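Below: the structure, in structure tokens.
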Amino acid sequence: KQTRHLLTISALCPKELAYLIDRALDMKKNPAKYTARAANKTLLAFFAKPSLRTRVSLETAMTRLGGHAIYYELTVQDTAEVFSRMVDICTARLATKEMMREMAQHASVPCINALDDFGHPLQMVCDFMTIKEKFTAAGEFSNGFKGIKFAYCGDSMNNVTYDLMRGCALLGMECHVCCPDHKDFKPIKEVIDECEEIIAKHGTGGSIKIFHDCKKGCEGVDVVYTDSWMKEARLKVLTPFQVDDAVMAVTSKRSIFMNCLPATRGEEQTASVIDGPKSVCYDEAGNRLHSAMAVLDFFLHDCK
Amino acid sequence: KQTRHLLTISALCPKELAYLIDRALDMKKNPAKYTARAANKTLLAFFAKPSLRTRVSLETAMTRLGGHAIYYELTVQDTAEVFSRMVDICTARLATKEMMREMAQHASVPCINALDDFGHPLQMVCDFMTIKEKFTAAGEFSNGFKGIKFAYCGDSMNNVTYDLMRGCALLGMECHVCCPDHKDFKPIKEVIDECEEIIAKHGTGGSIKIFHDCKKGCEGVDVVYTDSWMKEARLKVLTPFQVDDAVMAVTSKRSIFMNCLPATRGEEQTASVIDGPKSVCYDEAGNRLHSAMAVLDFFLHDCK
Amino acid sequence: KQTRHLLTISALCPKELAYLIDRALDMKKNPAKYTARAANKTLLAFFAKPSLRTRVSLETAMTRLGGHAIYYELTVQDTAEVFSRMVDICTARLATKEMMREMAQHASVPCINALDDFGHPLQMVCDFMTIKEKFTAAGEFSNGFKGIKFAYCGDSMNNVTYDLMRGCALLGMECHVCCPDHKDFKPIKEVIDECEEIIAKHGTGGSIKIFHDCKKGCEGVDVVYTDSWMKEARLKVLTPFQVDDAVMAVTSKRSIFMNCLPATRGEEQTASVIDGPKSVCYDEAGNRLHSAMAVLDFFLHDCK
Ligand code: NI
């Protein structure tokens with residue numbers, strides 16, 4: 001209460017998200033500067049289920065800043081009341097947004113959702129950082145994020161899709177959500193409404209469009225992003241949304257391909273796309289590190 | 001052998017316990033001074049069962065001192081012989097005092113009992129530190145610990161009660177143990193004898209009194225402390241020892257209420273006491289951190 | 001690919017192994033010098049099964065160098081591709097040489113085998129360091145490793161025996177392998193061939209001899225080393241290779257006894273040998289620490 005949390009990426013205003021991106025980018029390039037930013041400070045990091053990516057980037061981020069992360073494998077008020085008088089910051093990877101919200105409710109140090117059924121803001125700072133990084137080096141970033149057309153393909157009733165839509169809205173991107181015309185695979189109306197309100201409120205110039213044909217949705221786009229599809233006959237509804245060569249063939253000449261991982265080479269995309277030349281997946285996953293250092297640093301302090 | 005351990009709080013003489021309290025208090029207030037006290041030094045921390053409180057305070061304490069704790073989740077001679085040539089200090093949370101004593105026997109670095117069936121000295125430095133802190137800020141500490149009347153309510157055949165009785169004896173406090181007149185719920189004679197001997201030997205001016213009526217036991221007292229009661233018909237014997245509003249109504253006007261946690265709101269106390277205005281429980285649990293830094297620091301060196 | 005790994009000790013040329021030994025020895029004696037060698041740098045440490053020795057020495061080594069180890073309890077390409085853009089170095093304790101080789105294949109930071117079915121190079125730097133240390137203090141090291149006759153007793157189809165044979169070949173020692181004349185308990189021909197080739201290629205002056213009588217094999221030797229034998233009637237084949245008092249009575253007057261641990265007092269050796277006066281086992285196990293700091297430091301950089 002009055003402590004700032006990060007339960008979704010829209011916990012940030014547009015300039016805060018753009019500051020975090022640039023800070024991540026400067027910590028990537030100039031780590032020697034940040035080497036004592038969290039000296040003697042600790043992050044308490046709950047995981048209800050392992051994620052190599054999340055755990056290694058978090059634990060490494062703190063070492064690079066000169067502090068330490070407690071890997072804590074799994075009353076909540078009492079727990080939160082008690083850790084907030086010991087640790088400086090907390091991330092938690094819990095099943096539902098409920099447990100995450102409950103913990104944050106009573107916590108008096110910043111709490112960061114390290115993935116739940118409603119968002120994944122650590123990934124969001126990672127991905128938009130990767131997009132700025134990639135396009136800037138190719139000299140395609142004169143128009144900033146504004147000119148980068150983004151498409152998400154696949155199961156779109158999805159915490160990752162929710163948070164990408166929010167990042168795009170915040171950053172003023174054209175976001176296309178390419179999903180099966182099926183109630184169980186589309187973004188939730190609440191999430192669309194949040195996005196259209198944040199673009200309205202900040203006049204970001206962003207837009208949200210829902211396509212039910214990935215090729216039509218991906219025509220002209222600069223980023224194609226997909227993620228894990230995981231009786232298993234979601235496959236019949238999802239298969240037309242596999243990112244393949246014909247899908248990538250309709251995108252811009254500058255396009256890049258992203259997937260937050262774990263990747264399954266014959267589900268959400270073909271091995272030829274992920275292992276092909278438009279794929280930024282591994283550099284994107286490494287960027288979890290630098291985007292984590294930026295987020296922790298910022299919540300450890302708060303400004304700028 | 002010839003290495004100093006901390007298996008109970010009476011491993012310390014009265015001035016060492018009072019030094020640890022003041023060091024904890026100064027590390028609370030002035031952490032910047034202690035920031036390199038354990039630089040490059042590691043604590044090996046065994047847990048046979050998780051305790052969020054114990055683990056987070058230990059791991060955080062070392063970071064704050066600039067060192068590191070190995071969270072080690074679970075021959076003992078060979079183990080201890082081997083870790084004593086690698087690590088600088090060791091804490092262990094093991095089932096019985098036996099395993100703890102065995103490990104310490106062969107260990108050649110300091111070993112600290114992080115909770116067993118016979119004591120909890122890390123909690124003891126925490127609690128007496130909290131008592132000094134609270135009463136000092138209220139201006140009720142002119143007579144030091146000497147004037148603070150202390151009462152423990154509940155199941156008193158209990159490692160926590162044992163170690164509170166020892167802390168009180170050491171510090172020269174009037175300690176009242178409020179328990180059911182029942183062989184299975186009273187302090188053990190060995191523990192009473194140790195306490196009466198330490199007060200005798202140091203002329204501490206402390207006293208130990210056993211009451212079988214918590215209200216009678218708590219009349220006039222300045223601290224009321226209870227802890228977890230956990231077929232489950234210990235409840236019929238324990239219920240007259242619940243710390244409720246009528247119990248707290250007989251204590252001093254300055255009194256405070258303590259519980260080392262986990263708290264169960266309708267067992268050892270009512271929700272109105274723990275969530276009411278005399279409760280110091282959460283600040284007390286946070287003080288695990290600073291009392292841990294003091295204990296580790298001291299055993300890492302030894303003097304003063 | 002083009003990243004240097006350490007999957008066996010023969011990943012090192014003879015001078016690199018001798019440099020690591022001397023560095024370990026200088027870090028033992030002068031730790032204050034090495035206190036910022038891994039500042040802000042992290043080691044990712046996978047364990048498919050706990051080893052107190054391996055885990056504590058690794059985690060402590062990094063703290064002493066000023067960095068941090070992630071204890072990671074257990075696609076491999078994707079995993080390795082991803083951790084190589086976050087962490088600085090990796091050790092892994094995996095079942096087979098296969099998984100270890102697979103991980104290393106795709107990894108772009110140094111990977112170190114922390115024990116598999118084919119080697120144990122962290123132990124190797126430990127043991128030869130212990131041998132140099134012990135004999136140097138006794139003034140028995142004028143002839144360096146060259147004059148120290150080494151014998152391994154026991155089950156010799158063994159990753160530890162493999163890597164000792166390699167260390168000896170590298171260092172130019174007479175190595176005697178004392179094993180049961182039984183296909184399942186002898187070194188593998190591939191390992192003998194590697195050793196005879198490394199001595200040939202570097203003209204180390206080392207030799208490999210296979211004895212089927214431990215007393216005959218140990219006659220005159222300066223080091224007797226054994227390790228864990230673990231329906232359980234391997235005991236009938238192994239029992240003539242128990243290191244007992246009559247075995248140690250045939251060695252040099254300067255001899256020492258080694259066992260990498262865990263020790264079972266009535267299997268691979270008698271309690272009188274391991275607890276007797278020739279035993280260096282515990283100082284040897286503590287030396288895991290300093291030999292770990294040397295190996296990590298070296299792979300973190302690479303030269304000298
Ligand atoms: Ni750690």
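Residue numbers start from 1 in every chain, and the chains themselves are labelled A, B, ... in the order their sequence lines are given, proteins ahead of strands.
- Using a distance-only test at 3.5 Å, with no hydrogens or angles considered, a donor-acceptor pair links the side chain of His5(C) to the main chain of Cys111(C).
- Between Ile70(B) and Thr42(B) the shortest side-chain heavy-atom distance falls below 4.5 Å.
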**Worked check of side-chain contact (heavy atoms from CB on, under 4.5 Å) between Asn113(C) and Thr91(C)** = CA-CA 6 Å; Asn113(C) 165 30; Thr91(C) 55; over 6 Å; no

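- Residues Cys281(A) and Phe257(A) share a closest heavy-atom pair of SG-CE2, 3.7 Å.
- The distance between the ring centers of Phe83(B) and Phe46(B) falls below 6.0 angstrom.
- Side-chain atoms of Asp163(C) come within 3.5 Å of backbone N or O of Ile9(C) as a donor-acceptor pair.
- The two residues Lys28(C) and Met293(C) come nearest to each other via the heavy atoms N-CE, 4.4 Å.
- The structure places CG of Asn158(A) at 8.5 Å from OG of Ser228(A), a figure rounded to the nearest 0.5 Å.
- Taking the side chain as every heavy atom from C-beta outward, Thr60(C) and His68(B) never approach each other to under 4.5 Å.
- In this structure, the side chain of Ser291(A) engages the main chain of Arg288(A) through a donor-acceptor pair within 3.5 Å.
- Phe118(C) CZ to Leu7(C) CG: the interatomic distance, rounded to the nearest 0.5 Å, is 10.0 Å.
- Across every non-hydrogen atom of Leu58(C) and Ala292(C), the tightest pair is CD1-CB, 4.1 Å.
- Ionic pairing of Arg4(C) and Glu16(C) is present here: one or more N-O contacts between side-chain nitrogen and carboxylate oxygen are shorter than 4.0 angstrom.
- Between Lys132(C) and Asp22(C), at least one side-chain nitrogen of the basic residue sits less than 4.0 Å from a carboxylate oxygen of the acidic one, meeting the salt-bridge criterion.
- Between the CG atom in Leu44(A) and the OH atom in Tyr71(A) there is a gap of 12.0 Å [rounded to 0.5 Å].
- Between the side chain of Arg85(C) and the backbone N or O of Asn287(A), no donor-acceptor pair lies under 3.5 Å.
- A cation-pi contact links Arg55(B) to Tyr72(A), judged by a cut-off of 6.0 Å to the six-membered ring centre and 45° from its axis.
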**Request:** Please test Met258(A) against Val224(A) for side-chain contact (heavy atoms from CB on, under 4.5 Å), starting from the C-alpha separation and ending with a verdict.
**Result:** CA-CA 6 Å; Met258(A) 296 186 79; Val224(A) 180; over 6 Å; no

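- With values rounded to the nearest 0.5 angstrom, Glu194(C) atom CD is found 7.0 Å from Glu190(C) atom CD.
- Ion pairing of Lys278(A) with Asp245(A) is absent here, as no side-chain N (NZ or NE/NH1/NH2) approaches a carboxylate O to less than 4.0 Å.
- Residues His290(C) and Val125(C) fail the side-chain proximity criterion, which asks for heavy atoms closer than 4.5 Å.
- The SG atoms of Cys153(C) and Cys179(C) lie 2.5 Å or more from each other.
- Here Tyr225(C) contributes atom OH and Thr130(C) contributes atom OG1; the two are 8.5 Å apart, rounded to the nearest 0.5 Å.
- Using a 30° and 60° split on the angle between ring planes, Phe128(C) and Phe145(C) fall in the perpendicular class, above 60°.
- Contact check on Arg265(C) versus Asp78(B) returns a salt bridge, with a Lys/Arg side-chain nitrogen under 4.0 Å from an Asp/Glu carboxylate oxygen.
- Remark: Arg234(C) fails to qualify as a cation-pi partner of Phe185(C) under the 6.0 Å distance and 45° angle criteria applied to the six-membered ring.
- In this structure the side chain of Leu300(C) never reaches within 4.5 angstrom of the side chain of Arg37(C), judged on heavy atoms.
- Closest non-hydrogen pair, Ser279(A) versus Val273(A), comes out as CB-O, 3.5 Å.
- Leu296(C) has its side chain within reach of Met62(C): a pair of non-hydrogen atoms, C-beta onward, lies under 4.5 Å apart.
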**Message:** The test is side-chain contact (heavy atoms from CB on, under 4.5 Å); show your working for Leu43(C) and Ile112(C) and say whether it passes.
**Reply:** CA-CA 11 Å; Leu43(C) 146 76; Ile112(C) 292 154; over 6 Å; no

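- Of all the heavy atoms in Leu261(C) and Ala285(C), the pair that sits closest is CD1-CB, 3.9 Å.
- Annotation: side chain of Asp184(C) is not in contact with side chain of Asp155(C) (no heavy-atom distance under 4.5 Å).
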**Request:** Mind running salt bridge (charged side-chain N to carboxylate O under 4.0 Å, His left out) on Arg166(C) and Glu197(C) for me, showing each step along the way?
**Result:** CA-CA 10 Å; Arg166(C) 294 166 199 131; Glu197(C) 179 190 349; over 6 Å; no

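- The two residues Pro121(C) and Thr8(C) have their closest heavy-atom pair at CB-C, 3.9 Å.
- Considering only heavy atoms from C-beta on, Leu170(C) stays 4.5 Å or farther from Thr204(C) through its side chain.
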**Message:** If you apply the rule disulfide (SG to SG under 2.5 Å), what do you find for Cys168(C) with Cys195(C), and how did you get there?
**Reply:** CA-CA 8 Å; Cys168(C) 282; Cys195(C) 294; over 6 Å; no

**Prompt:** What do the steps show when you test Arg93(C) against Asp116(C) for salt bridge (charged side-chain N to carboxylate O under 4.0 Å, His left out), and what is the final call?
**Reply:** CA-CA 6 Å; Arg93(C) 205 283 199 38; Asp116(C) 67 354; over 6 Å; no

**Prompt:** Please walk me through it: do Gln269(C) and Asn259(C) pass side-chain contact (heavy atoms from CB on, under 4.5 Å)?
**Reply:** CA-CA 9 Å; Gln269(C) 26 84 229; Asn259(C) 178 154; 3.8 Å; yes

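- Using modelled atom types, no side-chain atom of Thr264(A) and backbone atom of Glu267(A) make a donor-acceptor pair closer than 3.5 Å.
- In this structure, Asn159(C) and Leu115(C) have side chains that are in contact, with non-hydrogen atoms separated by less than 4.5 Å.
- Between the CD1 atom in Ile210(C) and the OH atom in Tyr152(C) there is a gap of 13.5 Å [rounded to 0.5 Å].
- At least one donor-acceptor pair under 3.5 Å links the side chain of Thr63(A) to the backbone N or O of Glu59(A).
- In terms of modelled atom types and a separation under 3.5 Å, the side chain of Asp127(A) and the main chain of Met124(A) share no donor-acceptor contact.
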